[PDB]
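Enquirer: One structure, pasted below without further comment.
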Amino acid sequence: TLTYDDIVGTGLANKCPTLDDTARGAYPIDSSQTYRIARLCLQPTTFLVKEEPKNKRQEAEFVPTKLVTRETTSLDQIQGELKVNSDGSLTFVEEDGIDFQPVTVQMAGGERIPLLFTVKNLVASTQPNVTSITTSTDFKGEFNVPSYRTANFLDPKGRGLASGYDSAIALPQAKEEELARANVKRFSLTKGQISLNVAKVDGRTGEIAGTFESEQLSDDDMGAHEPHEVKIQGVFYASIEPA
Amino acid sequence: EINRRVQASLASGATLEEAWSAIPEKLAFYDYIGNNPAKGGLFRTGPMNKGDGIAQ
Amino acid sequence: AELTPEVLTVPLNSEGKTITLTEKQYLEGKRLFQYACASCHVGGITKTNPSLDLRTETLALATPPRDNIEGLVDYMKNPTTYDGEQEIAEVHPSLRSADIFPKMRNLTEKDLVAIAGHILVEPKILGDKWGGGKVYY
Amino acid sequence: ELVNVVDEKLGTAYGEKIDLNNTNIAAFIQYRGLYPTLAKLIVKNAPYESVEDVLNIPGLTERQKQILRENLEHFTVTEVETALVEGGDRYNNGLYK
Ligand code: CLA
Ligand code: HEC
Ligand SMILES: CCCCCCCS[C@@H]1O[C@H](CO)[C@@H](O)[C@H](O)[C@H]1O
Ligand SMILES: [Ca+2]
């Protein structure tokens, strides 16, 4: 098969595995066995940002953006328990993995939108009575979105939350209040929402693949400005295992 | 000098509020680095009031 | 100031016994510490794990206590984590893993005592600078 | 009004004692017997409703429990502060020497 030296520099390392067109099977679930997802992979194909209109009577649309951070976007090696619930629904509870990527996209006109693309602490569920995972199975869930920068991050004048100056030291006698938003760093933690639509299943292997769409807030630069709403779409792949 | 006057005031009975209330504003104002002439810049133009402000 | 007999007098064991080192042992200790240890512990710090330093107070709170000759000699034979729970000979040089840490192969018992002696004497000279890292350069 | 949550935390018991819910793991080196084995376990099994709850960590040897007991006067608990616990910062908070 393909080794690192086959793949290095091709772009494939950012691509989730695909399933053949024959993968249309059913993966049976025994409510007596415990399972895990041994590998969840999410490859974004589109980032959309919701425009923010001047009057809030206009309907705000999600608009296309251009990716400027290259092929560094995919979430992978995610794993966690796949619980079988009382009512036969399945629940994925993320425990670990490469489960975030900082991403920057650009609006028409050049506005750059950094976001922490993520499914940290994902708890996603199916509809009830899932005796088998099929191309009709879906997962819907919620996850956490912590600040895009972590607490040590210092702005360009040295100011920070867990480190840094607490004032604008270049303006030794300016008034503080107008600068409070810039000087007092804050750490956001918000919720995002995701849906995974299975489209392929290899029952013989436990592998599934399909499409996903999530929604989360973008970088608020440690409280300095209002984040935007992002909509991420792409393909996914998962390997389920008895465990 | 401000410390001397405050110590004298006190030595002679004053409360701490009185002793400090006795210090002329003009003397206090000299004891402020915004008036030190070695605190400027070559391209920082105009009156001192244009930096820290007009003292009230 | 001088490197005197008082400066060179250090705890031998956990029970309060001291030992006075000769100036020659001190120098030996400094030399052998450079030869075998300073690549990671230059200045009393630890390059590959900065949480742990060679300060006397730190050594005293290790398990077993390492703030004395005997403790240090034993460390150099059979190093443990700081809580004494684990034997780390496989990734920390010692007489026990002289096969994989070849500079350990010709260290004699007397050499180990000299190094222990260096580690206990330096902070008596350098104070907080020992184990202080760059703040104190 | 906007507040720096870390500075605020320095006003609570987090500023006085090792906080089992927030404090970076290297702080456990300050007492005999805690680091690395108990420190790893304390951080992995956080948060705790009270200091005593640290004794209920599954799998502890008897001397482990005894070391915990001897060090409870040095511990505290406050609410998980997101800014202290995100980014694996309990494991490596970007401070070395
Ligand atoms: C000894 C001369 C002197 C001094 C010490 C002052 C001092 C002062 N003036 Mg007066 N002034 C002067 C002459 C002077 N002035 C003259 C000749 C005029 C008529 C132009 C004025 C008109 C004037 C006005 C209208 C005002 C002042 C004000 C002030 C105050 C602020 C100064 C400032 O911001 O400078 C800043 C100075 C600089 C930024 C220049 C620095 C040096 C330059 C860069 C040299 C250029 C180098 C050159 C390119 C080299 C090339 C050679 C080649 C071969 C390489 C201060 C008390 C201000 C105020 O507060 O008044 C109440 C104000 O409004 N001044
Ligand atoms: C890097 C490759 C090292 C060399 C060379 C030496 N030591 Fe070391 N030391 C190293 C690490 C990563 C650690 C921490 C290990 C752990 O997981 O706990 C240490 C620790 C020590 C200690 C314990 C410190 C304490 O405060 O209790 C001592 C006493 C010590 N090291 C001494 C020592 C001596 C004498 C060496 C020369 C023969 C030596 N070290 C080499 C990394 C490295
Ligand atoms: C509670 C977590 C804090 C960890 C312990 C503080 C280490 S900070 C400590 O400050 C001292 C200054 O005199 C020095 O002795 C030392 O070199 C320095 O690192
Ligand atoms: Ca489907």
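Each chain in the structure tokens gets a letter, A, B and so on, in the order shown; residues start at 1 in every chain, and ligands are counted from 1 in the order they appear.
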Using backbone DSSP assignments, extract all strand (DSSP E) residues from region 110-168 of chain A; output them as an MDAnalysis selection string.
Expert: chainID A and resid 112:118 123:125 132:133 138:146
Enquirer: Pull N, CA, C and O atoms from the residues just selected and write them as a short mmCIF file (atom, residue, chain, number, x, y, z; two decimals), in the first residue's frame.
Expert:
```cif
data_model
loop_
_atom_site.label_atom_id
_atom_site.label_comp_id
_atom_site.auth_asym_id
_atom_site.auth_seq_id
_atom_site.Cartn_x
_atom_site.Cartn_y
_atom_site.Cartn_z
N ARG A 112 -10.18 39.01 6.70
CA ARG A 112 -9.69 37.71 7.12
C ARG A 112 -10.45 37.30 8.33
O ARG A 112 -10.68 38.13 9.25
N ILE A 113 -10.90 36.04 8.30
CA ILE A 113 -11.73 35.47 9.38
C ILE A 113 -10.92 34.29 9.97
O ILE A 113 -10.90 33.19 9.37
N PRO A 114 -10.21 34.51 11.10
CA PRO A 114 -9.61 33.31 11.74
C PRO A 114 -10.68 32.54 12.51
O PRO A 114 -11.51 33.15 13.15
N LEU A 115 -10.65 31.21 12.47
CA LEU A 115 -11.51 30.43 13.37
C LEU A 115 -10.78 29.19 13.86
O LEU A 115 -9.86 28.69 13.19
N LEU A 116 -11.15 28.74 15.05
CA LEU A 116 -10.66 27.46 15.51
C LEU A 116 -11.62 26.34 15.07
O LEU A 116 -12.55 26.04 15.77
N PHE A 117 -11.41 25.80 13.87
CA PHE A 117 -12.27 24.74 13.40
C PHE A 117 -12.13 23.51 14.30
O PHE A 117 -11.03 23.02 14.47
N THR A 118 -13.23 23.01 14.86
CA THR A 118 -13.12 22.03 15.94
C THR A 118 -14.38 21.14 16.16
O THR A 118 -15.49 21.50 15.75
N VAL A 123 -20.43 15.53 21.63
CA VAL A 123 -21.42 14.52 22.03
C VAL A 123 -22.45 14.56 20.92
O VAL A 123 -23.21 15.52 20.77
N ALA A 124 -22.42 13.53 20.08
CA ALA A 124 -23.29 13.51 18.93
C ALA A 124 -24.20 12.27 19.00
O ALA A 124 -23.72 11.20 19.35
N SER A 125 -25.49 12.41 18.68
CA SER A 125 -26.40 11.25 18.68
C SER A 125 -27.16 10.93 17.39
O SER A 125 -27.38 11.80 16.55
N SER A 132 -28.89 -1.31 13.14
CA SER A 132 -27.76 -1.32 12.23
C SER A 132 -27.42 0.13 11.84
O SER A 132 -28.32 0.98 11.75
N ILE A 133 -26.13 0.41 11.61
CA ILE A 133 -25.80 1.68 11.01
C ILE A 133 -25.97 1.58 9.50
O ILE A 133 -25.32 0.74 8.85
N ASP A 138 -28.05 9.15 10.82
CA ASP A 138 -27.45 10.47 10.99
C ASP A 138 -26.99 10.64 12.43
O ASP A 138 -27.56 10.04 13.35
N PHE A 139 -25.96 11.47 12.61
CA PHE A 139 -25.59 11.94 13.94
C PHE A 139 -25.81 13.45 14.03
O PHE A 139 -25.50 14.19 13.09
N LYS A 140 -26.32 13.90 15.15
CA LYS A 140 -26.45 15.31 15.38
C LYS A 140 -25.93 15.57 16.77
O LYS A 140 -26.24 14.85 17.71
N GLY A 141 -25.11 16.60 16.89
CA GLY A 141 -24.55 16.91 18.17
C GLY A 141 -24.01 18.31 18.34
O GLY A 141 -24.05 19.13 17.42
N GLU A 142 -23.49 18.53 19.54
CA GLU A 142 -22.95 19.78 20.00
C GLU A 142 -21.52 19.56 20.51
O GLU A 142 -21.17 18.43 20.91
N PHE A 143 -20.70 20.63 20.47
CA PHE A 143 -19.32 20.60 20.92
C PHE A 143 -18.90 21.94 21.53
O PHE A 143 -19.65 22.92 21.42
N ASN A 144 -17.75 21.98 22.18
CA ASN A 144 -17.22 23.26 22.72
C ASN A 144 -16.24 23.96 21.80
O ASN A 144 -15.49 23.32 21.05
N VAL A 145 -16.26 25.28 21.83
CA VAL A 145 -15.37 26.08 21.03
C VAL A 145 -14.70 27.03 22.04
O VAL A 145 -15.31 28.00 22.47
N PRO A 146 -13.46 26.71 22.46
CA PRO A 146 -12.75 27.59 23.37
C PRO A 146 -12.06 28.68 22.52
O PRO A 146 -11.97 28.57 21.28
#
```
Enquirer: Any residue with an atom at most 6 Å from ligand 3 counts, using only C-alpha atoms and all ligand atoms. Which are they? Put them as a PyMOL selection string.
Expert: (chain C and resi 128+132) or (chain D and resi 27+97)
Enquirer: Provide the CA of residue 51 (chain D) to CA of residue 82 (chain C) distance in Å, to one decimal place.
Expert: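 That distance, rounded to one decimal, is 23.1 Å.
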Enquirer: Chain D near chain C within 8 Å: what's each residue's closest atom pair and its distance in Å to one decimal, counting only C-alpha atoms, ordered by chain then ascending residue number, as a Markdown table?
Expert:
```
| residue | atom | partner | partner_atom | distance |
| --- | --- | --- | --- | --- |
| D:26 | CA | C:51 | CA | 6.2 |
| D:29 | CA | C:51 | CA | 7.8 |
| D:30 | CA | C:61 | CA | 7.7 |
| D:31 | CA | C:61 | CA | 6.6 |
| D:32 | CA | C:61 | CA | 5.0 |
| D:33 | CA | C:83 | CA | 4.6 |
| D:34 | CA | C:83 | CA | 6.4 |
| D:35 | CA | C:83 | CA | 5.7 |
| D:36 | CA | C:83 | CA | 6.5 |
| D:37 | CA | C:83 | CA | 7.2 |
| D:96 | CA | C:50 | CA | 5.6 |
| D:97 | CA | C:133 | CA | 5.6 |
```
Enquirer: Got a sec to check which residues lie within 9 Å of ligand 4, using only C-alpha atoms and all ligand atoms, and send them as a list in words?
Expert: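 For ligand 4, the residues inside 9 Å are residues 134, 135, 136, 137, 138, 196, 197, 198, 199, 200, 210 and 211 of chain A.
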